[PDB]
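Pasting target_5.cif here (mmCIF, N, CA and C atoms):
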```cif
data_structure
#
loop_
_atom_site.group_PDB
_atom_site.id
_atom_site.type_symbol
_atom_site.label_atom_id
_atom_site.label_comp_id
_atom_site.auth_asym_id
_atom_site.auth_seq_id
_atom_site.Cartn_x
_atom_site.Cartn_y
_atom_site.Cartn_z
ATOM 1 N N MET W 1 255.247 291.358 201.464
ATOM 2 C CA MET W 1 256.067 291.991 202.482
ATOM 3 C C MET W 1 255.244 292.297 203.736
ATOM 4 N N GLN W 2 255.869 293.021 204.653
ATOM 5 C CA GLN W 2 255.210 293.387 205.895
ATOM 6 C C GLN W 2 254.457 294.707 205.727
ATOM 7 N N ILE W 3 253.371 294.833 206.475
ATOM 8 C CA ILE W 3 252.558 296.036 206.419
ATOM 9 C C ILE W 3 251.955 296.303 207.800
ATOM 10 N N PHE W 4 251.495 297.533 207.981
ATOM 11 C CA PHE W 4 250.896 297.928 209.244
ATOM 12 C C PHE W 4 249.437 298.354 209.048
ATOM 13 N N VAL W 5 248.538 297.469 209.450
ATOM 14 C CA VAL W 5 247.116 297.741 209.325
ATOM 15 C C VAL W 5 246.601 298.349 210.632
ATOM 16 N N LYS W 6 245.605 299.213 210.491
ATOM 17 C CA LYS W 6 245.016 299.869 211.647
ATOM 18 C C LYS W 6 243.635 299.269 211.920
ATOM 19 N N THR W 7 243.239 299.329 213.183
ATOM 20 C CA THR W 7 241.949 298.798 213.588
ATOM 21 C C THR W 7 240.928 299.929 213.729
ATOM 22 N N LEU W 8 239.666 299.536 213.821
ATOM 23 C CA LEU W 8 238.589 300.502 213.959
ATOM 24 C C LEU W 8 238.748 301.248 215.286
ATOM 25 N N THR W 9 239.617 300.711 216.129
ATOM 26 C CA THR W 9 239.869 301.315 217.428
ATOM 27 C C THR W 9 241.169 302.122 217.397
ATOM 28 N N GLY W 10 241.715 302.257 216.198
ATOM 29 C CA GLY W 10 242.953 302.999 216.019
ATOM 30 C C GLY W 10 244.151 302.200 216.533
ATOM 31 N N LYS W 11 243.974 300.887 216.570
ATOM 32 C CA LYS W 11 245.028 300.003 217.038
ATOM 33 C C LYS W 11 245.990 299.707 215.884
ATOM 34 N N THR W 12 247.233 299.432 216.247
ATOM 35 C CA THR W 12 248.253 299.132 215.257
ATOM 36 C C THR W 12 248.528 297.628 215.214
ATOM 37 N N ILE W 13 248.233 297.038 214.065
ATOM 38 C CA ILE W 13 248.442 295.612 213.881
ATOM 39 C C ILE W 13 249.325 295.385 212.651
ATOM 40 N N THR W 14 250.490 294.805 212.898
ATOM 41 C CA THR W 14 251.430 294.528 211.825
ATOM 42 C C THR W 14 251.307 293.073 211.371
ATOM 43 N N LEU W 15 251.469 292.876 210.070
ATOM 44 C CA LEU W 15 251.378 291.544 209.498
ATOM 45 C C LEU W 15 252.487 291.364 208.458
ATOM 46 N N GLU W 16 253.197 290.252 208.582
ATOM 47 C CA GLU W 16 254.283 289.950 207.664
ATOM 48 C C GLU W 16 253.821 288.937 206.614
ATOM 49 N N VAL W 17 253.792 289.394 205.370
ATOM 50 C CA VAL W 17 253.376 288.542 204.270
ATOM 51 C C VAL W 17 254.337 288.729 203.094
ATOM 52 N N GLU W 18 254.038 288.027 202.011
ATOM 53 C CA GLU W 18 254.864 288.106 200.817
ATOM 54 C C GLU W 18 254.156 288.922 199.734
ATOM 55 N N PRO W 19 254.971 289.432 198.774
ATOM 56 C CA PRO W 19 254.435 290.228 197.682
ATOM 57 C C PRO W 19 253.723 289.344 196.657
ATOM 58 N N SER W 20 253.962 288.046 196.774
ATOM 59 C CA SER W 20 253.352 287.088 195.868
ATOM 60 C C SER W 20 252.000 286.633 196.420
ATOM 61 N N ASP W 21 251.871 286.727 197.735
ATOM 62 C CA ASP W 21 250.641 286.330 198.396
ATOM 63 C C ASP W 21 249.523 287.301 198.012
ATOM 64 N N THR W 22 248.320 286.757 197.905
ATOM 65 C CA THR W 22 247.164 287.561 197.545
ATOM 66 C C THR W 22 246.563 288.218 198.789
ATOM 67 N N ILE W 23 245.649 289.145 198.546
ATOM 68 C CA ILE W 23 244.993 289.852 199.633
ATOM 69 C C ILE W 23 244.268 288.846 200.527
ATOM 70 N N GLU W 24 243.709 287.830 199.886
ATOM 71 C CA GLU W 24 242.985 286.797 200.609
ATOM 72 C C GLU W 24 243.931 286.042 201.544
ATOM 73 N N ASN W 25 245.155 285.854 201.072
ATOM 74 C CA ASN W 25 246.159 285.153 201.853
ATOM 75 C C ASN W 25 246.538 286.001 203.069
ATOM 76 N N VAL W 26 246.729 287.288 202.816
ATOM 77 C CA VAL W 26 247.093 288.212 203.877
ATOM 78 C C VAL W 26 245.953 288.288 204.895
ATOM 79 N N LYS W 27 244.738 288.355 204.372
ATOM 80 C CA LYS W 27 243.562 288.431 205.220
ATOM 81 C C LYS W 27 243.450 287.148 206.047
ATOM 82 N N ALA W 28 243.662 286.027 205.373
ATOM 83 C CA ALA W 28 243.589 284.735 206.029
ATOM 84 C C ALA W 28 244.610 284.686 207.167
ATOM 85 N N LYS W 29 245.762 285.287 206.912
ATOM 86 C CA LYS W 29 246.826 285.321 207.901
ATOM 87 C C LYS W 29 246.362 286.130 209.114
ATOM 88 N N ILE W 30 245.761 287.274 208.826
ATOM 89 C CA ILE W 30 245.269 288.147 209.878
ATOM 90 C C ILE W 30 244.153 287.435 210.646
ATOM 91 N N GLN W 31 243.432 286.587 209.926
ATOM 92 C CA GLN W 31 242.340 285.840 210.524
ATOM 93 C C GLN W 31 242.874 284.872 211.581
ATOM 94 N N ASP W 32 243.767 283.997 211.139
ATOM 95 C CA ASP W 32 244.361 283.017 212.034
ATOM 96 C C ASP W 32 245.085 283.742 213.169
ATOM 97 N N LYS W 33 245.579 284.930 212.851
ATOM 98 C CA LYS W 33 246.292 285.731 213.831
ATOM 99 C C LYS W 33 245.285 286.386 214.779
ATOM 100 N N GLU W 34 244.592 287.387 214.255
ATOM 101 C CA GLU W 34 243.601 288.103 215.039
ATOM 102 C C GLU W 34 242.434 287.177 215.392
ATOM 103 N N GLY W 35 241.758 286.707 214.355
ATOM 104 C CA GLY W 35 240.625 285.815 214.541
ATOM 105 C C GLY W 35 239.431 286.263 213.696
ATOM 106 N N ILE W 36 239.582 287.430 213.085
ATOM 107 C CA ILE W 36 238.529 287.978 212.249
ATOM 108 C C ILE W 36 238.555 287.288 210.884
ATOM 109 N N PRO W 37 237.335 286.953 210.386
ATOM 110 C CA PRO W 37 237.208 286.291 209.098
ATOM 111 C C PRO W 37 237.446 287.274 207.950
ATOM 112 N N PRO W 38 237.825 286.705 206.776
ATOM 113 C CA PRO W 38 238.085 287.518 205.600
ATOM 114 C C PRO W 38 236.779 288.015 204.977
ATOM 115 N N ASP W 39 235.715 287.273 205.242
ATOM 116 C CA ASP W 39 234.406 287.625 204.716
ATOM 117 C C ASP W 39 233.921 288.912 205.387
ATOM 118 N N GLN W 40 234.306 289.068 206.645
ATOM 119 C CA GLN W 40 233.920 290.243 207.406
ATOM 120 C C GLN W 40 235.079 291.240 207.468
ATOM 121 N N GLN W 41 236.124 290.933 206.713
ATOM 122 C CA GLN W 41 237.297 291.789 206.673
ATOM 123 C C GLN W 41 237.183 292.791 205.521
ATOM 124 N N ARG W 42 237.475 294.044 205.838
ATOM 125 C CA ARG W 42 237.410 295.102 204.845
ATOM 126 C C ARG W 42 238.658 295.983 204.926
ATOM 127 N N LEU W 43 239.609 295.687 204.051
ATOM 128 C CA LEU W 43 240.851 296.441 204.012
ATOM 129 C C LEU W 43 240.763 297.504 202.916
ATOM 130 N N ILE W 44 240.985 298.746 203.320
ATOM 131 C CA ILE W 44 240.935 299.858 202.385
ATOM 132 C C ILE W 44 242.359 300.323 202.077
ATOM 133 N N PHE W 45 242.573 300.673 200.816
ATOM 134 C CA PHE W 45 243.879 301.135 200.379
ATOM 135 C C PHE W 45 243.757 302.042 199.151
ATOM 136 N N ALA W 46 244.343 303.223 199.268
ATOM 137 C CA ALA W 46 244.309 304.187 198.180
ATOM 138 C C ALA W 46 242.854 304.562 197.883
ATOM 139 N N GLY W 47 241.988 304.232 198.829
ATOM 140 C CA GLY W 47 240.573 304.528 198.683
ATOM 141 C C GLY W 47 239.835 303.363 198.020
ATOM 142 N N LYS W 48 240.614 302.392 197.567
ATOM 143 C CA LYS W 48 240.050 301.223 196.915
ATOM 144 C C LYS W 48 240.154 300.020 197.854
ATOM 145 N N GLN W 49 239.191 299.119 197.721
ATOM 146 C CA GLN W 49 239.163 297.925 198.548
ATOM 147 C C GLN W 49 240.154 296.887 198.015
ATOM 148 N N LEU W 50 240.835 296.234 198.947
ATOM 149 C CA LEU W 50 241.810 295.219 198.584
ATOM 150 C C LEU W 50 241.085 294.001 198.009
ATOM 151 N N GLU W 51 241.367 293.726 196.745
ATOM 152 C CA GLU W 51 240.752 292.598 196.068
ATOM 153 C C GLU W 51 241.598 291.337 196.262
ATOM 154 N N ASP W 52 240.941 290.291 196.741
ATOM 155 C CA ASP W 52 241.618 289.027 196.973
ATOM 156 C C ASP W 52 242.449 288.662 195.741
ATOM 157 N N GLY W 53 241.797 288.720 194.589
ATOM 158 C CA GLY W 53 242.462 288.401 193.336
ATOM 159 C C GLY W 53 243.672 289.308 193.112
ATOM 160 N N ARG W 54 243.691 290.411 193.845
ATOM 161 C CA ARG W 54 244.782 291.365 193.736
ATOM 162 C C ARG W 54 245.810 291.125 194.843
ATOM 163 N N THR W 55 247.073 291.127 194.444
ATOM 164 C CA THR W 55 248.157 290.912 195.388
ATOM 165 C C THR W 55 248.741 292.250 195.844
ATOM 166 N N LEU W 56 249.513 292.187 196.919
ATOM 167 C CA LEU W 56 250.135 293.382 197.465
ATOM 168 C C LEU W 56 251.082 293.980 196.422
ATOM 169 N N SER W 57 251.792 293.095 195.738
ATOM 170 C CA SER W 57 252.733 293.519 194.715
ATOM 171 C C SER W 57 251.989 294.229 193.583
ATOM 172 N N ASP W 58 250.870 293.638 193.190
ATOM 173 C CA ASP W 58 250.060 294.203 192.123
ATOM 174 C C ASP W 58 249.527 295.567 192.560
ATOM 175 N N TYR W 59 249.605 295.809 193.861
ATOM 176 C CA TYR W 59 249.136 297.065 194.418
ATOM 177 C C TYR W 59 250.297 298.040 194.627
ATOM 178 N N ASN W 60 251.501 297.532 194.408
ATOM 179 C CA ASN W 60 252.696 298.343 194.569
ATOM 180 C C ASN W 60 252.715 298.943 195.975
ATOM 181 N N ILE W 61 252.561 298.069 196.959
ATOM 182 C CA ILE W 61 252.559 298.498 198.347
ATOM 183 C C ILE W 61 254.000 298.727 198.809
ATOM 184 N N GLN W 62 254.156 299.698 199.696
ATOM 185 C CA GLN W 62 255.469 300.026 200.223
ATOM 186 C C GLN W 62 255.687 299.344 201.574
ATOM 187 N N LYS W 63 256.947 299.057 201.863
ATOM 188 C CA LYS W 63 257.301 298.408 203.114
ATOM 189 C C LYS W 63 256.639 299.154 204.275
ATOM 190 N N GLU W 64 256.034 298.382 205.165
ATOM 191 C CA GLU W 64 255.365 298.952 206.321
ATOM 192 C C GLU W 64 254.325 299.983 205.874
ATOM 193 N N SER W 65 253.482 299.561 204.945
ATOM 194 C CA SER W 65 252.441 300.433 204.427
ATOM 195 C C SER W 65 251.318 300.577 205.455
ATOM 196 N N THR W 66 250.561 301.654 205.311
ATOM 197 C CA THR W 66 249.456 301.919 206.217
ATOM 198 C C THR W 66 248.139 301.431 205.611
ATOM 199 N N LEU W 67 247.637 300.339 206.168
ATOM 200 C CA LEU W 67 246.391 299.762 205.692
ATOM 201 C C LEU W 67 245.297 299.990 206.738
ATOM 202 N N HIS W 68 244.072 300.114 206.250
ATOM 203 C CA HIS W 68 242.935 300.334 207.126
ATOM 204 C C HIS W 68 242.092 299.060 207.206
ATOM 205 N N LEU W 69 242.123 298.440 208.376
ATOM 206 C CA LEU W 69 241.371 297.217 208.595
ATOM 207 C C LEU W 69 240.021 297.560 209.230
ATOM 208 N N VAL W 70 239.011 297.655 208.380
ATOM 209 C CA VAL W 70 237.670 297.975 208.842
ATOM 210 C C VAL W 70 236.754 296.773 208.606
ATOM 211 N N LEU W 71 235.663 296.745 209.358
ATOM 212 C CA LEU W 71 234.702 295.662 209.242
ATOM 213 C C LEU W 71 233.702 295.989 208.132
ATOM 214 N N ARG W 72 232.708 295.123 207.998
ATOM 215 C CA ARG W 72 231.685 295.308 206.983
ATOM 216 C C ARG W 72 230.502 296.088 207.559
ATOM 217 N N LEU W 73 229.881 296.881 206.697
ATOM 218 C CA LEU W 73 228.740 297.681 207.105
ATOM 219 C C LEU W 73 227.488 296.803 207.128
ATOM 220 N N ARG W 74 227.015 296.471 205.935
ATOM 221 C CA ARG W 74 225.830 295.640 205.805
ATOM 222 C C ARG W 74 226.213 294.159 205.853
ATOM 223 N N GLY W 75 225.425 293.355 205.156
ATOM 224 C CA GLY W 75 225.668 291.924 205.111
ATOM 225 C C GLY W 75 225.457 291.375 203.698
ATOM 226 N N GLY W 76 224.251 290.879 203.465
ATOM 227 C CA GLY W 76 223.908 290.324 202.168
ATOM 228 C C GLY W 76 222.819 291.155 201.486
#
```
Translate this structure into structure tokens?
Amino acid sequence: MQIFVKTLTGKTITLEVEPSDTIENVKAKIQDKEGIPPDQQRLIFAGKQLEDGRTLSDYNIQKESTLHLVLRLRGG
């Protein structure tokens, strides 16, 4: 479904996806959209990081949910 992710700048970015799509798919969508890679993408939810292997549905996300789109701290 659709959700509303926030930026490190407190910006509002909405993304329309499916409940069957994985976090990686949603991230990939945001990538092609915004331009930020999924490798450098850090979405926080319920205090837990969105796992690619984990889908929005598996997360029981609510319509127009509030997601935190933060970058990565370190690297490797």
For a test of reading the model, state the distance in Å between atom CA of residue W:8 and atom CA of residue W:46, rounded to one decimal.
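It comes out at 17.2 Å.
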> Out of W:53, W:62, W:37, W:48, which residue has the shortest atom-to-atom distance to residue W:23 when counting all atoms listed in the file?
Replying inline: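 With all atoms listed in the file as the atom set, the closest residue is W:53.
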Could you tell me, as a PDB file with N, CA and C atoms, in the frame of the given file, exactly which residues end up selected when the PyMOL selection byres (((chain W and resi 2 and name CA) around 7) and name CA) is applied to this structure?
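Done, and the output landed in part.pdb:
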```pdb
ATOM      1  N   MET W   1     255.247 291.358 201.464  1.00  0.00           N
ATOM      2  CA  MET W   1     256.067 291.991 202.482  1.00  0.00           C
ATOM      3  C   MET W   1     255.244 292.297 203.736  1.00  0.00           C
ATOM      4  N   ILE W   3     253.371 294.833 206.475  1.00  0.00           N
ATOM      5  CA  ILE W   3     252.558 296.036 206.419  1.00  0.00           C
ATOM      6  C   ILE W   3     251.955 296.303 207.800  1.00  0.00           C
ATOM      7  N   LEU W  15     251.469 292.876 210.070  1.00  0.00           N
ATOM      8  CA  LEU W  15     251.378 291.544 209.498  1.00  0.00           C
ATOM      9  C   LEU W  15     252.487 291.364 208.458  1.00  0.00           C
ATOM     10  N   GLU W  16     253.197 290.252 208.582  1.00  0.00           N
ATOM     11  CA  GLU W  16     254.283 289.950 207.664  1.00  0.00           C
ATOM     12  C   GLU W  16     253.821 288.937 206.614  1.00  0.00           C
ATOM     13  N   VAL W  17     253.792 289.394 205.370  1.00  0.00           N
ATOM     14  CA  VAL W  17     253.376 288.542 204.270  1.00  0.00           C
ATOM     15  C   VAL W  17     254.337 288.729 203.094  1.00  0.00           C
ATOM     16  N   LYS W  63     256.947 299.057 201.863  1.00  0.00           N
ATOM     17  CA  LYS W  63     257.301 298.408 203.114  1.00  0.00           C
ATOM     18  C   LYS W  63     256.639 299.154 204.275  1.00  0.00           C
ATOM     19  N   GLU W  64     256.034 298.382 205.165  1.00  0.00           N
ATOM     20  CA  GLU W  64     255.365 298.952 206.321  1.00  0.00           C
ATOM     21  C   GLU W  64     254.325 299.983 205.874  1.00  0.00           C
TER      22      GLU W  64
END
```
Exercise. Can you turn the PyMOL selection byres ((chain W and resi 19) around 6) into a concrete residue list for this file, as a list in words?
Key: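 Selection result, ordered by chain and number: residues 1, 17, 18, 20, 21, 55, 56 and 57 of chain W.
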Check chain W with DSSP on the backbone and list each residue it calls alpha helix (DSSP H), as a VMD selection string.
chain W and resid 23 to 33
Only N, CA, C and O atoms, as a PDB file, in the first residue's frame: that is what I want for stretch 11-36 of chain W.
```pdb
ATOM      1  N   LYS W  11      11.383  16.228   5.562  1.00  0.00           N
ATOM      2  CA  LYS W  11      10.590  16.336   4.350  1.00  0.00           C
ATOM      3  C   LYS W  11       9.596  15.173   4.290  1.00  0.00           C
ATOM      4  O   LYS W  11       9.856  14.103   4.839  1.00  0.00           O
ATOM      5  N   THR W  12       8.482  15.422   3.619  1.00  0.00           N
ATOM      6  CA  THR W  12       7.449  14.410   3.481  1.00  0.00           C
ATOM      7  C   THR W  12       7.490  13.795   2.082  1.00  0.00           C
ATOM      8  O   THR W  12       7.264  14.486   1.089  1.00  0.00           O
ATOM      9  N   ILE W  13       7.779  12.502   2.046  1.00  0.00           N
ATOM     10  CA  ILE W  13       7.852  11.786   0.785  1.00  0.00           C
ATOM     11  C   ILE W  13       6.913  10.579   0.833  1.00  0.00           C
ATOM     12  O   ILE W  13       7.099   9.676   1.647  1.00  0.00           O
ATOM     13  N   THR W  14       5.925  10.602  -0.049  1.00  0.00           N
ATOM     14  CA  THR W  14       4.957   9.521  -0.118  1.00  0.00           C
ATOM     15  C   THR W  14       5.332   8.539  -1.229  1.00  0.00           C
ATOM     16  O   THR W  14       5.828   8.943  -2.278  1.00  0.00           O
ATOM     17  N   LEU W  15       5.079   7.265  -0.959  1.00  0.00           N
ATOM     18  CA  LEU W  15       5.384   6.222  -1.923  1.00  0.00           C
ATOM     19  C   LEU W  15       4.235   5.212  -1.955  1.00  0.00           C
ATOM     20  O   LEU W  15       3.788   4.741  -0.910  1.00  0.00           O
ATOM     21  N   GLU W  16       3.789   4.909  -3.166  1.00  0.00           N
ATOM     22  CA  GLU W  16       2.699   3.964  -3.347  1.00  0.00           C
ATOM     23  C   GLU W  16       3.249   2.597  -3.761  1.00  0.00           C
ATOM     24  O   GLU W  16       3.823   2.454  -4.839  1.00  0.00           O
ATOM     25  N   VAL W  17       3.053   1.626  -2.881  1.00  0.00           N
ATOM     26  CA  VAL W  17       3.520   0.275  -3.141  1.00  0.00           C
ATOM     27  C   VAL W  17       2.423  -0.722  -2.759  1.00  0.00           C
ATOM     28  O   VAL W  17       1.338  -0.326  -2.340  1.00  0.00           O
ATOM     29  N   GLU W  18       2.747  -1.997  -2.918  1.00  0.00           N
ATOM     30  CA  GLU W  18       1.803  -3.054  -2.594  1.00  0.00           C
ATOM     31  C   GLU W  18       2.210  -3.751  -1.294  1.00  0.00           C
ATOM     32  O   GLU W  18       3.367  -3.677  -0.883  1.00  0.00           O
ATOM     33  N   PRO W  19       1.211  -4.426  -0.668  1.00  0.00           N
ATOM     34  CA  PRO W  19       1.452  -5.134   0.578  1.00  0.00           C
ATOM     35  C   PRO W  19       2.222  -6.433   0.330  1.00  0.00           C
ATOM     36  O   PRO W  19       2.742  -7.040   1.265  1.00  0.00           O
ATOM     37  N   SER W  20       2.271  -6.821  -0.937  1.00  0.00           N
ATOM     38  CA  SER W  20       2.969  -8.037  -1.319  1.00  0.00           C
ATOM     39  C   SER W  20       4.436  -7.726  -1.620  1.00  0.00           C
ATOM     40  O   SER W  20       5.295  -8.600  -1.510  1.00  0.00           O
ATOM     41  N   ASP W  21       4.679  -6.479  -1.994  1.00  0.00           N
ATOM     42  CA  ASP W  21       6.027  -6.042  -2.312  1.00  0.00           C
ATOM     43  C   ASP W  21       6.872  -6.041  -1.037  1.00  0.00           C
ATOM     44  O   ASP W  21       6.368  -5.751   0.046  1.00  0.00           O
ATOM     45  N   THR W  22       8.145  -6.369  -1.208  1.00  0.00           N
ATOM     46  CA  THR W  22       9.065  -6.410  -0.084  1.00  0.00           C
ATOM     47  C   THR W  22       9.642  -5.019   0.184  1.00  0.00           C
ATOM     48  O   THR W  22       9.471  -4.106  -0.623  1.00  0.00           O
ATOM     49  N   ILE W  23      10.314  -4.901   1.320  1.00  0.00           N
ATOM     50  CA  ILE W  23      10.918  -3.636   1.703  1.00  0.00           C
ATOM     51  C   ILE W  23      11.925  -3.211   0.634  1.00  0.00           C
ATOM     52  O   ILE W  23      12.057  -2.025   0.335  1.00  0.00           O
ATOM     53  N   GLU W  24      12.614  -4.204   0.088  1.00  0.00           N
ATOM     54  CA  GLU W  24      13.607  -3.947  -0.941  1.00  0.00           C
ATOM     55  C   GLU W  24      12.941  -3.360  -2.187  1.00  0.00           C
ATOM     56  O   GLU W  24      13.513  -2.499  -2.853  1.00  0.00           O
ATOM     57  N   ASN W  25      11.741  -3.848  -2.464  1.00  0.00           N
ATOM     58  CA  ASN W  25      10.990  -3.382  -3.617  1.00  0.00           C
ATOM     59  C   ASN W  25      10.573  -1.926  -3.394  1.00  0.00           C
ATOM     60  O   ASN W  25      10.690  -1.099  -4.296  1.00  0.00           O
ATOM     61  N   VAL W  26      10.093  -1.660  -2.187  1.00  0.00           N
ATOM     62  CA  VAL W  26       9.658  -0.319  -1.835  1.00  0.00           C
ATOM     63  C   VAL W  26      10.857   0.631  -1.882  1.00  0.00           C
ATOM     64  O   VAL W  26      10.750   1.745  -2.390  1.00  0.00           O
ATOM     65  N   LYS W  27      11.971   0.154  -1.345  1.00  0.00           N
ATOM     66  CA  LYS W  27      13.187   0.947  -1.319  1.00  0.00           C
ATOM     67  C   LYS W  27      13.649   1.212  -2.754  1.00  0.00           C
ATOM     68  O   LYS W  27      14.025   2.334  -3.093  1.00  0.00           O
ATOM     69  N   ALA W  28      13.605   0.161  -3.561  1.00  0.00           N
ATOM     70  CA  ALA W  28      14.013   0.267  -4.949  1.00  0.00           C
ATOM     71  C   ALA W  28      13.148   1.315  -5.653  1.00  0.00           C
ATOM     72  O   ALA W  28      13.640   2.069  -6.493  1.00  0.00           O
ATOM     73  N   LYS W  29      11.876   1.330  -5.285  1.00  0.00           N
ATOM     74  CA  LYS W  29      10.938   2.274  -5.869  1.00  0.00           C
ATOM     75  C   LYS W  29      11.347   3.696  -5.485  1.00  0.00           C
ATOM     76  O   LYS W  29      11.366   4.591  -6.329  1.00  0.00           O
ATOM     77  N   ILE W  30      11.664   3.863  -4.210  1.00  0.00           N
ATOM     78  CA  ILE W  30      12.071   5.162  -3.702  1.00  0.00           C
ATOM     79  C   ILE W  30      13.385   5.577  -4.369  1.00  0.00           C
ATOM     80  O   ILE W  30      13.637   6.764  -4.568  1.00  0.00           O
ATOM     81  N   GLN W  31      14.187   4.574  -4.697  1.00  0.00           N
ATOM     82  CA  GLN W  31      15.467   4.819  -5.338  1.00  0.00           C
ATOM     83  C   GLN W  31      15.259   5.429  -6.724  1.00  0.00           C
ATOM     84  O   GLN W  31      15.754   6.519  -7.009  1.00  0.00           O
ATOM     85  N   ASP W  32      14.525   4.700  -7.553  1.00  0.00           N
ATOM     86  CA  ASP W  32      14.245   5.156  -8.904  1.00  0.00           C
ATOM     87  C   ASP W  32      13.508   6.495  -8.843  1.00  0.00           C
ATOM     88  O   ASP W  32      13.639   7.322  -9.745  1.00  0.00           O
ATOM     89  N   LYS W  33      12.748   6.668  -7.771  1.00  0.00           N
ATOM     90  CA  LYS W  33      11.990   7.893  -7.581  1.00  0.00           C
ATOM     91  C   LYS W  33      12.932   9.003  -7.111  1.00  0.00           C
ATOM     92  O   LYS W  33      13.258   9.910  -7.875  1.00  0.00           O
ATOM     93  N   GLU W  34      13.344   8.895  -5.856  1.00  0.00           N
ATOM     94  CA  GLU W  34      14.241   9.878  -5.274  1.00  0.00           C
ATOM     95  C   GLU W  34      15.605   9.828  -5.967  1.00  0.00           C
ATOM     96  O   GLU W  34      16.029  10.806  -6.581  1.00  0.00           O
ATOM     97  N   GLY W  35      16.252   8.678  -5.847  1.00  0.00           N
ATOM     98  CA  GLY W  35      17.558   8.487  -6.456  1.00  0.00           C
ATOM     99  C   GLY W  35      18.539   7.860  -5.462  1.00  0.00           C
ATOM    100  O   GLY W  35      19.656   7.500  -5.831  1.00  0.00           O
ATOM    101  N   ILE W  36      18.086   7.750  -4.221  1.00  0.00           N
ATOM    102  CA  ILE W  36      18.909   7.172  -3.173  1.00  0.00           C
ATOM    103  C   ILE W  36      18.885   5.647  -3.292  1.00  0.00           C
ATOM    104  O   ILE W  36      17.832   5.055  -3.524  1.00  0.00           O
TER     105      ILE W  36
END
```
